[PDB]
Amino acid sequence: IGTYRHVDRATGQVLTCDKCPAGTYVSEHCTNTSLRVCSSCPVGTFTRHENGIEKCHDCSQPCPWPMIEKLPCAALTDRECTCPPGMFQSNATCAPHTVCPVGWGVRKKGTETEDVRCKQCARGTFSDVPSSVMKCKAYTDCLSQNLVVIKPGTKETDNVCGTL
């Protein structure tokens, strides 16, 4: 654990104290006959690193709805805000991801910062349900099924498999 220099009030001696671990602050500095005492950051405050400071840093303001916390305000971390799942950040706030319609599928997964990116299903694949999450799905293989294709698929429906 690292150290910091401190000027002792009563004697003017410059001492080398031990740092206080992340999550605490120095509540009494060392002196020439006593070790420094660390205390834990009071609720509302944090420090991220081992430090020599006398107050913890204040956590930021509560997340503006509809944003939520993906990290809390705790001794070691400031709160950190995010658009909840299924939404993404645009300018001001959060907007719901695009829903890819039937016949389209997710090319790129939506995130907290970017919207979903849809593509039309490629030949041989289909998507039969609106979804901001699902990918185009390969037709059932009628060959490797023993069967043959009774009805072709479309970008919206699987091909139907059978015989005769």
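Heads up: residue numbers just count along the shown sequence, starting at 1.
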Mean B factor on CA atoms, stretches 119 to 127 and 91 to 99, record says higher is 91 to 99
Of 53 to 61 and 132 to 140, the stretch whose C-alpha atoms average the higher B-factor in the entry:
53 to 61
Peak C-alpha temperature factor (PDB record), options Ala10, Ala22, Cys17, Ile150:
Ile150
Just grab whichever of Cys38, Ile68, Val43, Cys30 has the top CA B-factor as deposited.
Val43
Comparing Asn159 with the other modelled residues of its chain, is its CA B-factor in the lowest, middle or highest third?
highest
